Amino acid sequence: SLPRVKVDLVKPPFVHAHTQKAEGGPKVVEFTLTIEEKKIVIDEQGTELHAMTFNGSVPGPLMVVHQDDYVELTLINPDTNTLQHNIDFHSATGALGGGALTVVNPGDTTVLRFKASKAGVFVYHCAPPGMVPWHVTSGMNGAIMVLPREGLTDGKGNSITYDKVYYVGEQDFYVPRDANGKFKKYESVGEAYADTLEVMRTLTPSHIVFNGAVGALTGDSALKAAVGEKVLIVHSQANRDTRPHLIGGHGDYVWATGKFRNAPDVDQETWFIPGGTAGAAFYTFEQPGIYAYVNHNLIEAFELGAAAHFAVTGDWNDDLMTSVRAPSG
């Protein structure tokens, strides 16, 4: 008897249409995710792997509701998938975040409803009994943002409004190599398992990437902004620690634990998001040009793939920075 609404999800790093401030009282918000197992290319050398996805993407798409809305998820495992799957929302209470009520085999479908009682950004991930880390570290994870009914505060009594929100999902991949050091291909997802478990046990990723590949958020695919634009960056990591840093920027407000009822940290150079968490950072760009957004373990960033770009339009501010004498003899 509550008013129902239907969300059309979009591929990251973009986010579906939503309001910051809620319009009316509680809604039931309907989402559908279709599980897809498939081969993807994750680097410039052509390295491929059998990814396990929600809605065809790594990471899974960002779901947005407000506090005390109800989420109603349709989860679909088409008969062309080979494996069992489910979904665990960190935003929900009971039955392993819904893991225990959503076990779906190839050909099956389920529907889960939970109250979003708590404001913040949370991880969702697959967690099928006896093969949890294999599904999560194959790209079967995403995030949900639950906004306060009255939108965001600076935790010091003042309302704040973003112009745009991007979702950056970070993925640790564990691809086996042969004697030479070349990455290996496998005919089916099943045949990759034993060799993949050997690599996971070393706790050393082969690749760490944003939006499912080395360079996925650079070139044509760089994140667009402008001087004076307020931008919110949601960052998730289902399995492993990371330390985001905007090169040439700061985090004006950062919820590192990702929970908006807590006052944010201010003036951040680098922030910390533990494995199993989603964080968020609010920034106002003050300087045009190319910016890098990285994991500031710089081997993880520049060797293993954990690096994106922003392209920012606008006028240079000489007061903030100026070259007095350019490099020369």
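Numbers for residues come from their place in the sequence shown, where the first is 1.
> If you average the Cα B factors in the entry, which is higher, 45-53 or 297-305?
Stretch with the higher mean C-alpha B-factor: 45-53.
> If you average the Cα B factors in the entry, which is higher, 226-234 or 173-181?
The entry gives the higher C-alpha B-factor average to 173-181.
> Checking the record values for 189, 136, 214, 145, which has the greatest CA B factor?
Spelled out: the listed residue with the top C-alpha B-factor is 189.
> For the CA B factor values reported in this entry, which option in 125, 243, 156, 207 has the top one?
Comparing C-alpha B-factors across 125, 243, 156, 207, the maximum falls on 156.
> Lowest, middle or highest third: which one holds residue 310 when the chain's residues are ordered by CA B-factor from the entry?
Middle third by C-alpha B-factor.
> Relative to the other modelled residues of the same chain, rank the CA B-factor of residue 60 and answer lowest, middle or highest third.
Residue 60: CA B-factor falls in the lowest third of its chain.
> Against its chain's modelled residues, does residue 221's Cα B factor rank lowest, middle or highest third?
Residue 221: CA B-factor falls in the highest third of its chain.
> Can you tell me whether residue 278 has a C-alpha B-factor in the lowest, middle or highest third compared with the other modelled residues of the same chain?
Its C-alpha B-factor belongs to the lowest third of this chain's values.
> Relative to the other modelled residues of the same chain, rank the CA B-factor of residue 131 and answer lowest, middle or highest third.
It belongs to the highest third of the chain when residues are ordered by C-alpha B-factor.
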